[PDB]
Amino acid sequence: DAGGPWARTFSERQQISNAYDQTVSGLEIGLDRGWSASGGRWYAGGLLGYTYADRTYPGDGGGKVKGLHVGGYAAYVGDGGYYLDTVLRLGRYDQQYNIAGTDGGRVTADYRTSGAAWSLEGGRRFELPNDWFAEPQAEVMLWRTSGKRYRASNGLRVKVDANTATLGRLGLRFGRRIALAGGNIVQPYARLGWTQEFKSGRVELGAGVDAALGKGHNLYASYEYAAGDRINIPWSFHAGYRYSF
């Protein structure tokens, strides 16, 4: 690979508990160029995304969330098996919140907001007999959302909070690299992960397949499930395509 275009979709249902359930869906599109740094292989490039979060509070109601974002990233891939990516995302959001107060009271909201998310991720691939691999991975993630706050004089006050959150993520995948008649590479794996959040914890189990289908094509699909403290993700799908061009 000397770089290429790529597209990735995704969709994850969160059941976050006391309590709201949201469905987060997205689409990224992107391009990088690659080069030979001796000992490794370097990748730099950028991306464009949509993102849609659809939420629900119990009796009440909840928000919808739409957003464009752009981003830039570098990736290294070592001969020895080390990888790391860092990625910077800048986003603008549009939320239409819609609540109820069980007393009968109905508050409506509608506003734009700004986000950034920076993440850094690395890990190593240890090959094992019969083309099975082992792959520990670490991902720290930082992001900020912007605030807003106004006020109808002699009465009402509305504040949107600028929350700002760190993530750590630990995980391991086991798979087999398996070569089909022709040139194809189907490469299944199953994945175990832990992740937590300080925002100014949970375990995840999933499985995927990444195929290299001869003539520059690449397909990835994975499923993920997570249970945790606040958190509960009955399903989380990612599908991705890349052209080695």
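One-based numbering along the sequence shown.
Unmodelled residues of the deposited sequence between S200 and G201: 10 or more. Between 68 to 76 and 144 to 152, it is 144 to 152 that carries the larger average Cα temperature factor according to the deposited entry. The residue among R89, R92, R173, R157 whose C-alpha atom has the highest B-factor in the PDB entry is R157. For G193, the recorded CA temperature factor ranks within the middle third of the chain's modelled residues. Among the modelled residues of its chain, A19 has a C-alpha B-factor that falls in the highest third according to the deposited record. When all modelled residues of the chain are sorted by CA temperature factor, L84 is found within the middle third. Among the modelled residues of the chain, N98 sits in the highest third by CA temperature factor in this PDB entry. Among all modelled residues in its chain, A109 ranks in the middle third by Cα B-factor.
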